[PDB]
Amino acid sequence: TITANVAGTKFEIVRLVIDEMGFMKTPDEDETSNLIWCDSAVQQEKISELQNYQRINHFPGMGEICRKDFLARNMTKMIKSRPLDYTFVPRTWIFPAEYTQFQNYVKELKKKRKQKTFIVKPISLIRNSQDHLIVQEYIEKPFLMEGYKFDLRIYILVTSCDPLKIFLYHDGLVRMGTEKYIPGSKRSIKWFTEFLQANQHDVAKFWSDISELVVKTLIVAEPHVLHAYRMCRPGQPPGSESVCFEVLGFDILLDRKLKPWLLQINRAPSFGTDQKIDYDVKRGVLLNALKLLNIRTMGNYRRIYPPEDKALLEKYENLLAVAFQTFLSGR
């Protein structure tokens, strides 16, 4: 009998799906359960305590891309190494660290008589301090849905970091604006792709661009995760299955040219269910994730790494080599 500890969640759909999968729920003090689910990120010590048969829904060190500042700092190191591969990230300056660096760019822009809008997050807007802010270039012309600016919440499953295996769910949430955009309603991505089709846009390239965005983003995180995981698990035999898996929420904005931009990654996305769209999408994300783990004592998921394209794998492997190289430089 396969069991599950579900004390770490507050979402019914998590409890529901796990119950539907055939898991037997343990008391909240049982630490020997096959499956361990916790909404928030987990202390690396807890991951170290696990046995090789157990599976927990968090990777140690994934916060290097899940933290907005750590994402920027690592993407910055990467862009200065492989710019032509990482153009999906808006220009970001970490305050109050690169306070001087940001001021110069505005001056250089002022010199060239060019205007640009900037957004500040943990939210406001700026154009023309000494605290932990974060300035970022504002995508001014986003893809509009009936005159509305919308957000893309896509879900990514990472089953292993050694070897790296990444899955992309072919559905998600669309958060349209309340008032029409000038330089809200909730939809599904399946609906949005149907929209793209009717308006004659490349849906295939949409997913293709999204997939490369995710893989290259996790490539940045891979050397941080792989190290940390091996630190937590020095009792894992050479080719033994991963103890960790993750459902990550990628927040993505599309521009007028339908180029996907990465805003942030959430390691603890809400799995609340108030609407039918919320139920169907999030149930499918969780249910198919557990099926793929195959905890035995796919559906709308697509494996984006490793890709079936041999030429693309070579590109990814080259970036991984770069990623691990820059990783050493920082230490």
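Residue numbers run from 1 along the displayed sequence.
Our gap detector needs a label for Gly239 to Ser240. Which class matches the unmodelled residues of the deposited sequence there: none, 1 to 3, 4 to 9, or 10 or more?
Unmodelled stretch: none, continuous chain.
Does the entry skip any residues of the deposited sequence between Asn128 and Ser129, and if so, is it 1 to 3, 4 to 9, or 10 or more, or none at all?
4 to 9 residues lack coordinates between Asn128 and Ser129.
Quick check on the record: does 221 to 229 or 111 to 119 carry the larger mean Cα temperature factor?
That would be 111 to 119.
Per the entry, where is the mean C-alpha temperature factor higher: 151 to 159 or 131 to 139?
Result: 131 to 139.
Top residue by Cα temperature factor, when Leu173, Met145, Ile166, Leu258 are compared in the entry:
Among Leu173, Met145, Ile166, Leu258, the highest C-alpha B-factor in the entry belongs to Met145.
Out of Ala204, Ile189, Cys244, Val106, which shows the largest CA B-factor listed in the entry?
Of the options given, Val106 has the highest CA B-factor in the PDB entry.
Select lowest, middle or highest to describe the third in which the CA B-factor of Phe250 falls within its chain in this entry.
As the PDB entry reports it, the C-alpha B-factor of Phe250 lands in the lowest third of its chain.
Among the modelled residues of this chain, does the Cα B factor of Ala311 put it in the lowest, middle or highest third?
According to the entry, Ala311 has a C-alpha B-factor in the chain's highest third.
Third of the chain's Cα B-factor distribution that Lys276 belongs to, per the entry
Tercile = lowest for this residue's CA B-factor.
Where does the C-alpha B-factor of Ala4 rank in its chain, lowest, middle or highest third?
As the PDB entry reports it, the C-alpha B-factor of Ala4 lands in the middle third of its chain.
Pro96, C-alpha B-factor rank within chain (lowest, middle or highest third)
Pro96: CA B-factor falls in the highest third of its chain.
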